[PDB]
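These notes concern the structure reproduced below.
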Ligand SMILES: *[C@@H]1O[C@H](CO[C@@H]2O[C@@H](C)[C@@H](O)[C@@H](O)[C@@H]2O)[C@@H](O[C@@H]2O[C@H](CO)[C@@H](O[C@@H]3O[C@H](CO[C@H]4O[C@H](CO)[C@@H](O)[C@H](O)[C@@H]4O[C@@H]4O[C@H](CO)[C@@H](O[C@@H]5O[C@H](CO)[C@H](O)[C@H](O)[C@H]5O)[C@H](O)[C@H]4NC(C)=O)[C@@H](O)[C@H](O[C@H]4O[C@H](CO)[C@@H](O)[C@H](O)[C@@H]4O)[C@@H]3O)[C@H](O)[C@H]2NC(C)=O)[C@H](O)[C@H]1NC(C)=O
Ligand SMILES: *[C@@H]1O[C@H](CO[C@@H]2O[C@@H](C)[C@@H](O)[C@@H](O)[C@@H]2O)[C@@H](O[C@@H]2O[C@H](CO)[C@@H](O[C@@H]3O[C@H](CO[C@H]4O[C@H](CO)[C@@H](O)[C@H](O)[C@@H]4O[C@@H]4O[C@H](CO)[C@@H](O[C@@H]5O[C@H](CO)[C@H](O)[C@H](O)[C@H]5O)[C@H](O)[C@H]4NC(C)=O)[C@@H](O)[C@H](O[C@H]4O[C@H](CO)[C@@H](O)[C@H](O)[C@@H]4O)[C@@H]3O)[C@H](O)[C@H]2NC(C)=O)[C@H](O)[C@H]1NC(C)=O
């Protein structure tokens, strides 16, 4: 999965 | 004589894959007569060659500020690799060396809890929504607030405090107009830390 | 030569009618060859003579630490009186003057709100009780916890933070075993600040 912050990519495992 | 100051990346840059983390060797008190500075850079003792020198900046006290910037990989920094800057200059009888890295110590996942305003705060014009972040190590962290896809900027966050179990905690407080809270609006606490799943968690908060 | 540091009284000391506040003039880097320091205290420019000198202390880096302590009245400090220490020594081209006082500006009364543990925290061994202290000026403050007339030690308090309206806020976090919380015990956050009624308030929290 992936996390985003205000539309911007944070990280994906 | 010249002096050297070495600064880590910004936590956020190390934590957001879509950003560019960099360590920064700042050399002050560079004399007009010998402005030439040599930089040697080492990652865990092994010299790297990809640093870039920022434009020279003249200081109103008749000295120069010279800066070399080294870009780094997210994982190298977060793996705790040691970065060394070495500064040589003619006004410097011996080269000055400085080292930084991430704080050594088992990383620990922050636990993030949101807390609604006191029933006693309900009389006031504005209310405090609180985000408690505890049990995190190292102390490198980003805390932000938002509602409906937009950043809420009217918050303040405490510095990290060392807790008696060796980890850290902080609080972040966002202040909203009482009406905005009454109006059913959902508010979110965004925390970024190396030891979270995908370096990111979010906790939401609304009137019940 | 010597270097001088002047320290304010402790906030709790200024705030409790029973305790004794003091201003403290520390002089470091005093040499062996000339250990003699002259102190001159002034209070809003008016010289006072009741200060007392601490025992001289060897530092083992070739220097003495020399301390002069001046007692101050609670009202005087709070009313913002300025305190001056003039240090003279044969290794100073000229006497060093330092000055301290309470932070200037309208004092403001803190609002104290206690916040229970989050539902999500309820499956942990221990829980966090929160005391939000907000809207105080100046930043001089003391925070503590108690339960059933006994002191509760297991807490941490953040430093004061400057808020968007130019007052300060802090949080204090008391950690207790989950059991003690669920069993209905009352815990209290106690706050001492100049702008509170009787320089003191207490707020309680319980399931
Ligand atoms: C001649 O003048 C120069 C320049 O003077 C400046 O201009 C004049 C007009 C005055 O206003 C000065 O106040 C100005 O500084 C003098 O240079 C100064 O010398 C000081 C000592 O010699 C030195 O102090 C040390 O600073 C450390 C903190 O530095 C921070 O913060 C200060 C202020 O908050 C800031 O001025 C510095 O630039 C520096 O800022 C950081 O820069 C880094 C690198 O860019 C940033 O990190 C990067 O950020 C980018 C994006 O920006 C990106 O995110 C990257 O990922 C990241 O790497 C970082 O974010 C900046 N931080 C901030 C907050 O802005 C102190 O920590 C240090 O203390 C330590 O050492 C002491 C013991 O030696 C101890 O007391 C202490 O415990 C610490 O261990 C020092 O105090 C000043 O930095 C320096 N000023 C500048 C601009 O370099 C010069 O001294 C003078 N010479 C003479 C002969 O008179
Ligand atoms: C020889 O050694 C001495 C002693 O050093 C110690 O021993 C040696 C052998 C080593 O092991 C050291 O590690 C030891 O420290 C050296 O003396 C030091 O010199 C420094 C300056 O060169 C000086 O720095 C300044 O410190 C300020 C803070 O001082 C506090 O905090 C430190 C620790 O954080 C503490 O050690 C100090 O004693 C002092 O502590 C406070 O004392 C006051 C007075 O007692 C307390 O207040 C009173 O409390 C009582 C009850 O107890 C009562 O309530 C009264 O009402 C009340 O007044 C207070 O509670 C104590 N606080 C704390 C936290 O402990 C800094 O703020 C300051 O920085 C500022 O100024 C600079 C500008 O110049 C700026 O850079 C900066 O931004 C700030 O604005 C200074 O850095 C050290 O304090 C001093 N240490 C001592 C013990 O005196 C000496 O230098 C050395 N000489 C040589 C040639 O090597």
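The values are calculated or read from the model by the stated rules, or taken from the named source; none is laboratory data. Note: ideal-geometry Cβ built from the backbone for every residue, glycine included; neighbour counts use all protein chains shown.
Give all pairs with beta carbons closer than 6 Å in which a residue from the range C:58-69 that is within 20 Å of residue C:88 (Cβ to Cβ) meets a residue that is within 6 Å of ligand 2 (Cβ to nearest atom) and in a loop (DSSP other than H, G, I, E, B); count only pairs at least 6 apart in sequence or on separate chains.
C:65/C:59
So the check is Cβ under 8 Å with 6+ separation or different chains; which pairs have a first residue in the range B:195-208 that's within 9 Å of chain A (Cβ to nearest Cβ) and a second one that's surrounded by fewer than 17 Cβ atoms within 10 Å (Cβ to Cβ)?
Filtered contacts from the range B:195-208: B:196/B:109; B:197/A:13; B:198/A:1; B:198/A:2; B:198/A:12; B:198/A:13.
Farther than 28 Å from residue C:173 by Cα and surrounded by fewer than 12 Cβ atoms within 10 Å (Cβ to Cβ): which single residue out of C:79, C:89, C:125 fits that description?
C:79
Taking residue C:174, is it touching a strand residue (DSSP E or B) at 6+ places or on another chain (Cβ under 7 Å), more than 22 Å from residue C:9 (Cα to Cα), more than 8 Å from chain B (Cβ to nearest Cβ) and crowded, with 21+ Cβ neighbours inside 10 Å?
So residue C:174 fits the description; yes.
Considering only residues that are in contact with a helix residue (DSSP H, G or I) (Cβ under 7 Å, 6 or more places away or on another chain) and either outside any strand (DSSP E or B) or not assigned by CATH to the domain that holds residue B:128 (or both), which ones fall in the range B:179-204?
Correct list: B:193, B:194, B:199.
Test each condition in (1) away from chain C (no Cβ under 13 Å); (2) farther than 23 Å from residue B:199 by Cβ for residue B:141 and report the one that comes out false.
Condition not satisfied by residue B:141: (2).
Which members of the range B:7-25 meet the condition of being within 14 Å of ligand 1 (Cβ to nearest atom), touching a residue at least 40 places away in the same chain (Cβ under 8 Å) and over 11 Å from residue B:70 (Cα atoms)?
B:11, B:12, B:14, B:15, B:16
Can you list the strands (runs of 3 or more DSSP E) found entirely within the range B:1-118 that contain at least 2 residues being under 28 Å from residue A:8 (Cα atoms), within 14 Å of another protein chain (Cβ to nearest Cβ) and more than 16 Å from ligand 2 (Cβ to nearest atom)?
In the range B:1-118, B:111-115 are the strands (runs of 3 or more DSSP E) which contain 2 or more residues that are under 28 Å from residue A:8 (Cα atoms), within 14 Å of another protein chain (Cβ to nearest Cβ) and more than 16 Å from ligand 2 (Cβ to nearest atom).
Quick check on residue B:74: is it touching a helix residue (DSSP H, G or I) at 6+ places or on another chain (Cβ under 7 Å) and either within 9 Å of ligand 1 (Cβ to nearest atom) or at negative phi (or both)?
yes
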